[PDB]
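Protein chains in written order, with the working numbering: chain A, 1 to 108; chain B, 1 to 102.
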């Protein structure tokens, strides 16, 4: 909780993608078709996960980044003043981001 | 699998922790308030970092993701490990560059 490294999740997908590709190569060299297909399907899923997020993030642009900064800043300010009020406003913003993101998902 | 799930997951996680924090404050539970508020904060930085990088990589990285996707599909059909190695090289480069950004 105090040691979170911003950006590690994408890193994790990258590491996952590489393992699946490598496992896929081993599956082929050893006549294991089922394990080759499953791993490539998974390697493919990570790429599409990154692809989706990249594209949507480019559309949201820097103003969305300014939005995050604010929220982060507010949660810190709500944590120092025990202001459930500020948690309510931040919750209102995040709720719309999620619903909006949920849409962008189904929308394909 | 649904492309986009993981971010949806982060948003939902972030809402849970924000909500548990509101609960803690009312119960004068400073312990859990801090815990949950830091988690929600970590999620925001996680989303903020990714967004900032993705905008720097630009849409060109997007075309590269499509190609890689197609090469994998092709490599699966051809049982070609040379193609896998190719993609593996790109992903390793992108992962290192990201490991640096962090």
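Ideal Cβ placement from N, Cα and C applies to all residues, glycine included.
query                                                                                                                                                                         : result
Mind pulling the chain B residues with CB within less than 7 Å of residue 23 of chain A?                                                                                      : By Cβ distance, chain B contributes nothing, its closest Cβ being about 10 Å from residue 23 of chain A, past 7 Å.
Flag this pair as touching only if the segment 7 to 20 of chain B and the segment 56 to 67 of chain B have three or more C-beta atom pairs under 8 Å; answer yes or no.       : no
Using a Cβ-Cβ cutoff of less than 6 Å, which residues in the same chain neighbour residue 24 of chain B once the five nearest sequence positions on both sides are dropped?   : 32 and 33
Please decide whether residue 66 of chain B counts as near chain A, where near means a Cβ-Cβ distance under 8 Å.                                                              : yes
Closer than 8 Å, Cβ to Cβ, to anything on chain A: give me those residues from the segment 90 to 102 of chain B, in chain order.                                              : 91, 92, 94, 95, 98, 99, 101 and 102
Report the option in B/100, B/56, B/99 and B/84 whose CA atom is closest to the CA atom of residue 44 of chain A.                                                             : B/84
Which residues of chain A have a Cβ atom closer than 9 Å to the Cβ of residue 39 of chain B, listed in chain order?                                                           : 1 and 4
Quick check on DSSP: helix, strand or coil for residue 4 of chain B?                                                                                                          : coil
Could you check whether the Cβ of residue 16 of chain B sits closer than 8 Å to any Cβ belonging to chain A?                                                                  : no
Do you know how far the Cα of residue 79 of chain A is from the Cα of residue 8 of chain B?                                                                                   : 24 Å
Since residue 21 of chain A and residue 73 of chain B are thought to touch, with beta carbons under 8 Å apart, how far apart are those beta carbons, to the nearest angstrom? : The pair is not a contact, with the Cβ atoms about 13 Å apart (cut-off 8 Å).
Are the Cβ atoms of residue 65 of chain A and residue 10 of chain B separated by less than 8 Å?                                                                               : no
Kindly indicate if chain A contains any beta-carbon less than 8 Å away from that of residue 45 of chain B.                                                                    : yes
Could you tell me the alpha carbon to alpha carbon distance between residue 118 of chain A and residue 49 of chain B, rounded to whole angstroms?                             : Any property of residue 118 of chain A remains undetermined from this structure, which presents chain A solely from 1 to 108.
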